[PDB]
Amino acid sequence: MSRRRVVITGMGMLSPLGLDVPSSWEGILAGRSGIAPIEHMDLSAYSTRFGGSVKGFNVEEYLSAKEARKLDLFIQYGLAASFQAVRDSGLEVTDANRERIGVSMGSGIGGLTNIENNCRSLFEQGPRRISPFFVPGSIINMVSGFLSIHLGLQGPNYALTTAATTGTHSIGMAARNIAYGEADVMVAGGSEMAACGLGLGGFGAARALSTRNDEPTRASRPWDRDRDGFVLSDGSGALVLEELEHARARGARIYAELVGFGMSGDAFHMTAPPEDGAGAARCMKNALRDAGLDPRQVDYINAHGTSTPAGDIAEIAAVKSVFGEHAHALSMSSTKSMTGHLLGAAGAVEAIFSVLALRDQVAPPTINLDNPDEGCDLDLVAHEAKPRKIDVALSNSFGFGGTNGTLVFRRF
């Protein structure tokens, strides 16, 4: 009953829409696509040749060239986001507080690019060509590791990996740490860069990607009757979470309050969701109960909304189960229509968009929703952003293994 309150004091991001939060959010509010033909590798033999890339990233803004060549791109992206968020927070780390400052930055796949480059070296020339930085520069927990070293952070240090739910769980479990007194501040989010042959070929073999090579900006089409799978995107999201009285005492700017976190398992199938979204329903009901909110107080849902046939339907059903007749009053959108699917970073960037929807009183759009499929009759915010009253925003992520996560945010 007497846990502590958690607010968002700082955010940061790289996405296919921009190298920070303001440029990303301007893209989102404008209905801009970040999806394009992939520049950095030869995809002649692959059925999908496009995705959301991070464009014009300069790691030397954040780290010396020396430090950065030790690190996979997913670590560089995660540190960029983390540093933007910590700067945006204005937090001063000292000897009196560094043990109360932790980090929870995850990833889905981790350093898959590095692993493939080092595999090339291994098979061509044998194990002598392997970098000595291969292990520490490629393992998932090294975003949390490096950030704690750079900022001197001595509180809880860990890394989730729960597929497309990674970002959501990382934030939720960091908020729990603060509420239960293990830390006063947490840096939390996720990052991903799986745009290599093993990623594109991995999701291609499973037949899970959109193959709309002719029109990449139209490929990601959540709830649309001609959807054909997800678009693979790269990037990172980070939030500075903080105990409310900590934030108030130092006069921090508060974007919003994190009131609710929920988890569930579908226990259904490795990749497919259940047709009724029964596990998504339970997860959302857990998050609302955790927040002490009735379903009728939710104004905006940032949906998972990946542009898959089964997925998108199951989310509509879940939302209709949870909210009932209130399903027709709230606005729900998929920013994956613009961003594509950022995998382990998806829930981190979507947590930020949900916070900014609270800040700006605006529901971002679902682009490409030309012909909503059977049952897709909610306010899906098709085509253009909708100014509206938003007191409570909810963010859903649902991943491989049937792992589900919801965050509930409230205007402060």
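One rule holds for the numbers: they count along the sequence shown, beginning at 1.
197-205 and 153-161 differ in mean CA B-factor, and the higher of the two is recorded for 197-205. Mean C-alpha B-factor is higher over 178-186 than over the other stretch, the pair under comparison being 165-173 and 178-186.
Comparing the C-alpha B-factors of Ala80, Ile115, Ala238, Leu293 in the entry, the top value falls on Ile115. For the set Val103, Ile301, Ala249, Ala281, the PDB entry puts the maximum C-alpha B factor at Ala249. Ranked against the other modelled residues of its chain, the C-alpha B-factor of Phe146 as given in the entry falls in the highest third. In this PDB entry, the Cα temperature factor of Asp226 sits in the middle third of its chain's modelled residues.
For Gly375, the recorded CA B-factor ranks within the highest third of the chain. Only modelled residues enter the ranking.
Ranked against the other modelled residues of its chain, the C-alpha B-factor of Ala385 as given in the entry falls in the middle third. Remark: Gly344 belongs to the lowest third of its chain, ranked by C-alpha B-factor as recorded.
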